[PDB]
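The structure appears below as structure tokens.
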Amino acid sequence: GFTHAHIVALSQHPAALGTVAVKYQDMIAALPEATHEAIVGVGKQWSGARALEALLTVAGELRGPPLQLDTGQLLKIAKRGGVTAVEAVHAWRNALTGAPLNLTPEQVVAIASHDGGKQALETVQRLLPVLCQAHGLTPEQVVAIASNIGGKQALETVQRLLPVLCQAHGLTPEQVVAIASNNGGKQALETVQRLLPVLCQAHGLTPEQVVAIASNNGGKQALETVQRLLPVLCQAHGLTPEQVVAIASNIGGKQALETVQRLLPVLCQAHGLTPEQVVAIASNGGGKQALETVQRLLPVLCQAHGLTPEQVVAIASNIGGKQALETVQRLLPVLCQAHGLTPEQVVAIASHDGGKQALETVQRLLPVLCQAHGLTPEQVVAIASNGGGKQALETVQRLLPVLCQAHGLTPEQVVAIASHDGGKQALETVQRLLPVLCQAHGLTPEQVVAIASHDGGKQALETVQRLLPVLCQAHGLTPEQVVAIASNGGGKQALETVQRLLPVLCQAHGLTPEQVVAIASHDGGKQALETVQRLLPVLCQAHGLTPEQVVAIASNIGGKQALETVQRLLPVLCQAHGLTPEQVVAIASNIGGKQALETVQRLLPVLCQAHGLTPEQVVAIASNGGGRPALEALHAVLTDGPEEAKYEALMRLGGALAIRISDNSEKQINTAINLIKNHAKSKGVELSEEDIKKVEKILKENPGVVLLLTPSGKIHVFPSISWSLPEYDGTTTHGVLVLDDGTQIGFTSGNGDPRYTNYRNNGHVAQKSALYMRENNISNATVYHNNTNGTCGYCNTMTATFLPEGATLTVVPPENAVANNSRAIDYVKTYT
DNA sequence: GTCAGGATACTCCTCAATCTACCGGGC
DNA sequence: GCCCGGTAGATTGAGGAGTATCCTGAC
Ligand SMILES: [Zn+2]
């Protein structure tokens, strides 16, 4: 009962056709639930007939208590290992298990289910005690090394020359194991031994980079290509050696390097691609194929499909970009027209690993998922726009009804669970452990959903199931604390780190368990905890930082980086930049604090000296979340850009007084000089007579010039900006205090007086005008603001309250403005 | 019958930036 | 009781390893 396609596929081995038909009923009885695909996969190998006959003969005894091999495991071994591996396993059933080797059946299957399984199994059985005792190697490492094609040679090479690489090259056994855990490990190890001094001395390459390069499939060829092409790539093409080793640290890096060398000028001249884009595209598996596909299909996708080159690069910037590009070219118009999905969604689906599988699954499953199960196409694209989208989508298709009618979960919860990397694992773990968690430990379904909705939720859920009782009982933590700890990316590592490190971090450095939970409740909390352990005494005795400050610095996503950056940059910022350590702690106690600290170090002198900004303003700007982009944007706008943009950016920092007095009329020149003097004195800075003469010359020589008095003391001068209020952007309100004499004093909403913080109008322009009149004894003046909502309903009373006795004020809202509510007023009103 | 190399596909772990919904004192 | 600000979460994107499976050439 085989189809034509199955017979054609199995006809690769001519002798397998006869044996399968004669005894077709025989394997079914011996191998229950054996699907035709498994049979055709087993029988299509070099010894399909022999392997099938051996399985049929031996499966009666291969299911014994010493092995207890499942049917799927037997089929996999027959397909991969062959007749030799099956015979070796059967002949040594009692040798592998129940022996000083101490090998589980899963490890035995993994070693056997590989090319040359018999030789690898014999080598393991002969050399496991030797490598365990003489070299002190973990049996897991030996199994991992031997679980590869030609693993016997790699194991023998490791046993032969582990001490040589350990001593004469200073390489840890872990690096050797990682290098030898790939195909052709013996050749890679020999190449490393013969080449490490040459690549480390003449080429000046870090041994870690060489180890990383050699820790891939075919590392010997990659190392040889690197040695042969490093000077050429560094000189002719101007490629950084770090970039070269990053490109060559993938599977088949030799082909990628050759393609890059052969096609860099072509893509950089006849295609417009930058070297960085080509490097990024080539920094993935199958780089040669991706580069060739990009070069061949760039005009086709750019013109016929209307795709920007950046989108093509991003699609090809992943593993297997050739298949994704071909699938996009084949399936863009038919899927877009017949389903109406935006091309951005199609790009987002294929912008990950295995995008072709996700795209095909979406094309197949959109109608049925949207019809029977009721998912929105946006939800489907959200689930498919992740690593392994095919697995998550097929799992949703298979599993949604039983999850939504038996376990009492909503479809949106399932959509959230399945919309993460490895969503199939999370879905299956939920289906397997939801009753257990909701019964044995009392966790609510919402907590389980929250735990399972991160990258690697299966490991987090299993870790919770294993470690929740012991953490909750021995360590005295409420289950809510463990749920909070585990509900993060890579939460298994954080949970194991907490279980390991709670007693020492409590009884050694005197940290409250709540502090440990706060440190560990963020992504990458294991690194934060280890860094706190290693650094806390250093920050205590060597710099006088309290443990509370260390915990506050570490209680963020980038806690390790922030702590290391604080340790490295505390003396320089505290001595050569004039920053108090408290300001450093405040800057670092934010998400991405390492970048903020480095940006402060880099841009403090240029901002403080060239543009005349106080260090306090820089610290305040950098003390907010995401302060690095804010500082970079401020530097960009201050160094170049529009005059009005620079003026607004400078005034928005606060403490800056601008003036647009006009004409000569020496009297108001004197008054303006007096006002500048008063502001400088209020800032504690003496402006001296030379700057008085300078500003007087500027005022007398530039008609209609607007000044700016920063808190530092520098007087920025702008030639011309505008004589009218700017457009209202919805959050920033601008005002000008026009006196009777003629002086115009600019104002901007926000950054109000801290003294009246409890007052709700703190920051409005009318309040700033009132305080300015009160301080400088201004009798009468008017205001003009460009708020389109009119004056606020609080200001009409509060600003009149702040006015001095006997003082007058006027505010004029714009004519085009309309009041938004009864509180607001959209007409001229005189206050007193 | 093995050994070495290349190509996809998938999972998990750490980081940095931005968005928003709950709380809270004043009206 | 009803806000609008503050801010502590809560997405959202990104990169970097680590893991697993399959196909091909050469003896
Ligand atoms: Zn106001």
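We name chains A, B, ... following the order of the structure tokens; residues begin at 1 in each chain, and ligands are numbered from 1 as shown.
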Would you mind listing the residues within 8 Å of ligand 1, counting only C-alpha atoms (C1' of nucleotides) and all ligand atoms, as a PyMOL selection string? chain A and resi 761-767+791-795
Store the residues picked out above in a file with C-alpha atoms, as a short mmCIF file (atom, residue, chain, number, x, y, z; two decimals), in the first residue's frame.
```cif
data_model
loop_
_atom_site.label_atom_id
_atom_site.label_comp_id
_atom_site.auth_asym_id
_atom_site.auth_seq_id
_atom_site.Cartn_x
_atom_site.Cartn_y
_atom_site.Cartn_z
CA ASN A 761 0.19 75.01 37.07
CA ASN A 762 3.95 74.61 37.59
CA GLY A 763 5.43 75.25 34.16
CA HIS A 764 2.80 77.43 32.47
CA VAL A 765 4.04 80.58 30.76
CA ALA A 766 1.72 82.90 32.70
CA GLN A 767 3.24 81.66 35.96
CA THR A 791 -5.54 79.62 28.81
CA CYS A 792 -5.92 76.70 31.30
CA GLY A 793 -8.78 76.82 33.86
CA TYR A 794 -6.26 76.74 36.72
CA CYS A 795 -4.09 79.65 35.56
#
```
Using only C-alpha atoms (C1' of nucleotides), find which residues of chain B lie within 8 Å of chain A and jot them down as a PyMOL selection string. chain B and resi 1-17+26
Output for the residues just chosen: N, CA and C atoms (P, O5', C5', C4', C3', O3' and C1' of nucleotides) as a tab-separated table (two decimals), in the first residue's frame:
```tsv
chain	number	residue	atom	x	y	z
B	1	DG	P	29.73	-3.21	5.25
B	1	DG	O5'	28.83	-2.01	5.78
B	1	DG	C5'	29.11	-0.68	5.37
B	1	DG	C4'	30.10	-0.01	6.30
B	1	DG	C3'	29.50	0.94	7.31
B	1	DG	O3'	30.44	1.16	8.36
B	1	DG	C1'	30.57	2.17	5.60
B	2	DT	P	29.99	1.88	9.73
B	2	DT	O5'	31.03	3.08	9.88
B	2	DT	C5'	31.22	3.99	8.81
B	2	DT	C4'	32.59	4.64	8.86
B	2	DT	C3'	32.66	5.92	9.66
B	2	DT	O3'	34.00	6.17	10.07
B	2	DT	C1'	32.80	6.41	7.35
B	3	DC	P	34.32	7.36	11.10
B	3	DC	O5'	34.73	8.59	10.16
B	3	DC	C5'	35.93	8.53	9.39
B	3	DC	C4'	36.13	9.80	8.58
B	3	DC	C3'	35.86	11.10	9.34
B	3	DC	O3'	36.93	12.01	9.12
B	3	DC	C1'	34.63	11.06	7.31
B	4	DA	P	37.03	13.37	9.97
B	4	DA	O5'	36.60	14.50	8.93
B	4	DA	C5'	37.32	14.66	7.72
B	4	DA	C4'	36.62	15.65	6.80
B	4	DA	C3'	36.27	17.00	7.44
B	4	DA	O3'	36.77	18.06	6.64
B	4	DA	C1'	34.38	16.08	6.34
B	5	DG	P	36.66	19.58	7.16
B	5	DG	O5'	35.41	20.17	6.34
B	5	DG	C5'	35.41	20.12	4.92
B	5	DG	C4'	34.06	20.54	4.36
B	5	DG	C3'	33.52	21.86	4.90
B	5	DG	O3'	33.56	22.86	3.88
B	5	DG	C1'	31.82	20.17	4.72
B	6	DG	P	33.10	24.36	4.19
B	6	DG	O5'	31.55	24.39	3.81
B	6	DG	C5'	31.15	24.01	2.49
B	6	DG	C4'	29.64	23.88	2.41
B	6	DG	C3'	28.85	25.12	2.84
B	6	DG	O3'	28.02	25.57	1.78
B	6	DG	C1'	27.95	23.14	3.81
B	7	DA	P	27.13	26.90	1.94
B	7	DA	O5'	25.69	26.35	2.37
B	7	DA	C5'	25.02	25.40	1.55
B	7	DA	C4'	23.63	25.11	2.08
B	7	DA	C3'	22.86	26.33	2.59
B	7	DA	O3'	21.52	26.28	2.13
B	7	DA	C1'	22.95	24.68	4.27
B	8	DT	P	20.69	27.64	1.90
B	8	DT	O5'	19.39	27.44	2.81
B	8	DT	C5'	19.53	27.09	4.18
B	8	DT	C4'	18.42	26.15	4.61
B	8	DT	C3'	17.28	26.82	5.36
B	8	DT	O3'	16.08	26.09	5.16
B	8	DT	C1'	18.50	25.42	6.84
B	9	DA	P	14.66	26.76	5.52
B	9	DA	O5'	14.46	26.41	7.06
B	9	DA	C5'	14.34	25.05	7.47
B	9	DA	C4'	14.29	24.95	8.98
B	9	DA	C3'	13.53	26.08	9.69
B	9	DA	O3'	12.42	25.54	10.40
B	9	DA	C1'	15.60	25.60	10.77
B	10	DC	P	11.52	26.48	11.35
B	10	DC	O5'	12.20	26.32	12.78
B	10	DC	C5'	12.53	25.02	13.26
B	10	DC	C4'	13.09	25.09	14.66
B	10	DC	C3'	12.40	26.09	15.59
B	10	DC	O3'	12.06	25.45	16.81
B	10	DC	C1'	14.74	26.39	15.66
B	11	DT	P	11.23	26.24	17.94
B	11	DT	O5'	12.31	26.48	19.09
B	11	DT	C5'	13.02	25.38	19.63
B	11	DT	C4'	14.07	25.83	20.64
B	11	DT	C3'	13.57	26.79	21.72
B	11	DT	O3'	14.09	26.39	22.97
B	11	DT	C1'	15.46	27.70	20.64
B	12	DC	P	13.30	26.73	24.33
B	12	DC	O5'	14.27	27.77	25.07
B	12	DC	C5'	15.61	27.40	25.35
B	12	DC	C4'	16.46	28.64	25.57
B	12	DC	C3'	15.77	29.77	26.33
B	12	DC	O3'	16.05	29.73	27.76
B	12	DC	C1'	17.15	30.55	24.51
B	13	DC	P	17.54	29.67	28.38
B	13	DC	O5'	18.27	31.01	27.90
B	13	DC	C5'	19.68	31.13	28.10
B	13	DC	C4'	20.17	32.56	27.87
B	13	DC	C3'	19.72	33.60	28.90
B	13	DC	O3'	20.87	34.24	29.43
B	13	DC	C1'	19.45	34.41	26.69
B	14	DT	P	20.75	35.30	30.64
B	14	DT	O5'	21.17	36.69	29.96
B	14	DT	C5'	22.43	36.80	29.31
B	14	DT	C4'	22.56	38.11	28.56
B	14	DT	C3'	22.26	39.37	29.37
B	14	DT	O3'	23.27	40.34	29.14
B	14	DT	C1'	21.00	39.38	27.39
B	15	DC	P	23.33	41.68	30.02
B	15	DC	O5'	22.68	42.79	29.07
B	15	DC	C5'	23.44	43.33	28.00
B	15	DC	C4'	22.60	44.29	27.17
B	15	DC	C3'	21.83	45.33	27.96
B	15	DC	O3'	22.65	46.49	28.26
B	15	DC	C1'	20.58	44.48	26.08
B	16	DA	P	23.23	47.49	27.13
B	16	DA	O5'	21.96	48.24	26.52
B	16	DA	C5'	22.05	48.81	25.23
B	16	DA	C4'	20.69	49.25	24.71
B	16	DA	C3'	20.12	50.52	25.36
B	16	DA	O3'	19.99	51.53	24.38
B	16	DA	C1'	18.46	48.84	25.06
B	17	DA	P	19.70	53.05	24.80
B	17	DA	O5'	18.24	53.32	24.23
B	17	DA	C5'	17.92	52.96	22.89
B	17	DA	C4'	16.42	52.91	22.69
B	17	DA	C3'	15.66	54.10	23.28
B	17	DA	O3'	15.01	54.82	22.24
B	17	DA	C1'	14.60	52.02	23.82
B	26	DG	P	-2.51	68.18	48.04
B	26	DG	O5'	-3.31	69.12	47.02
B	26	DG	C5'	-2.70	69.51	45.80
B	26	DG	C4'	-3.74	69.90	44.77
B	26	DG	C3'	-4.86	70.80	45.29
B	26	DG	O3'	-5.17	71.80	44.34
B	26	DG	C1'	-5.79	68.83	44.37
```
Could you work out how far CA of residue 386 in chain A lies from CA of residue 328 in chain A, giving the answer in Å with one decimal?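 Between CA of residue 328 in chain A and CA of residue 386 in chain A the gap works out to 16.4 Å.
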What parts of range 187-383 of chain A does DSSP call helix (DSSP H, G or I)? I'd like the answer as a ChimeraX atom specification. /A:187-201,207-214,219-235,241-247,253-269,275-282,287-304,309-316,321-339,343-350,355-371,377-383
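Interatomic distance, CA of residue 49 in chain A to CA of residue 92 in chain A: 22.7 Å.
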Find the spatial neighbours of residue 330 in chain A, counting only C-alpha atoms (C1' of nucleotides), within a cut-off of 12 Å - ignore same-chain residues fewer than 5 positions away - and output them as a list in words.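 Surrounding residues, per the criterion: residues 297, 300, 301, 304, 305, 323, 324, 325, 335, 336, 356, 359 and 360 of chain A.
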Computed interatomic separation between CA of residue 77 in chain A and CA of residue 28 in chain A (Å):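 Atom-to-atom, CA of residue 77 in chain A to CA of residue 28 in chain A, that is 17.1 Å.
Residue nearest chain C within the list A:78, A:506, A:672, A:212: A:212 [criterion: smallest interatomic distance, only C-alpha atoms (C1' of nucleotides)].
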Please provide the set of residues having any atom within 10 Å of residue 19 in chain B, restricted to only C-alpha atoms (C1' of nucleotides), with same-chain residues fewer than 3 positions apart removed, written as a list in words.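 Counting only the stated atoms, we get residues 10, 11 and 12 of chain C.
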For those residues, write C-alpha atoms (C1' of nucleotides) to a file as a CSV table (one decimal), in the first residue's frame.
```csv
chain,number,residue,atom,x,y,z
C,10,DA,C1',5.0,46.2,29.8
C,11,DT,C1',6.0,45.7,24.8
C,12,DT,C1',9.3,45.8,20.9
```
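Compared by their closest atoms to chain C, and using only C-alpha atoms (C1' of nucleotides), the residues A:224, A:556, A:463, A:478 rank with A:556 nearest.
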Residue 214 in chain A environment, 9 Å, only C-alpha atoms (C1' of nucleotides), sequence neighbours closer than 6 positions dropped, as a short mmCIF file (atom, residue, chain, number, x, y, z; two decimals) with N, CA and C atoms, in the first residue's frame:
```
data_model
loop_
_atom_site.label_atom_id
_atom_site.label_comp_id
_atom_site.auth_asym_id
_atom_site.auth_seq_id
_atom_site.Cartn_x
_atom_site.Cartn_y
_atom_site.Cartn_z
N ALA A 178 34.52 22.19 22.66
CA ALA A 178 33.65 22.90 21.72
C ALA A 178 34.17 22.80 20.30
N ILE A 179 35.49 22.91 20.12
CA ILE A 179 36.07 22.80 18.79
C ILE A 179 35.87 21.40 18.22
N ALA A 180 36.07 20.38 19.05
CA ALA A 180 35.99 18.99 18.61
C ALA A 180 34.56 18.46 18.56
N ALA A 188 40.15 19.74 12.39
CA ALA A 188 40.10 21.08 12.97
C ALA A 188 41.08 21.22 14.12
N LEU A 189 41.16 20.21 14.99
CA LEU A 189 42.09 20.27 16.11
C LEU A 189 43.53 20.27 15.63
N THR A 191 44.61 21.39 12.72
CA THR A 191 44.85 22.70 12.13
C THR A 191 45.05 23.76 13.21
N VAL A 192 44.26 23.71 14.28
CA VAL A 192 44.42 24.67 15.37
C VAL A 192 45.80 24.52 16.00
N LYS A 220 38.75 23.84 9.92
CA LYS A 220 40.09 23.83 9.33
C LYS A 220 40.13 24.61 8.02
N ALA A 222 38.02 26.97 7.12
CA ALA A 222 37.80 28.37 7.45
C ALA A 222 39.09 29.02 7.95
N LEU A 223 39.84 28.33 8.81
CA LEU A 223 41.09 28.88 9.31
C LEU A 223 42.11 29.04 8.18
N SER A 249 33.15 33.06 11.17
CA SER A 249 32.76 32.27 12.33
C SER A 249 31.40 31.60 12.14
#
```
Shortest interatomic distance to chain C - which of A:549, A:318, A:789, A:299, counting only C-alpha atoms (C1' of nucleotides):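 Ranked by minimum distance to chain C, first place goes to A:318.
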Considering only strand (DSSP E or B) as DSSP defines it on the backbone, what residues of range 624-735 of chain A qualify? List them as a PyMOL selection string. chain A and resi 657+659+706+709+715+718+734-735
Can you pull out every residue within 9 Å of residue 295 in chain A, counting only C-alpha atoms (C1' of nucleotides), but drop anything in the same chain fewer than 2 positions away, and send it as a PyMOL selection string? chain A and resi 263+266-267+271+290-293+297-299
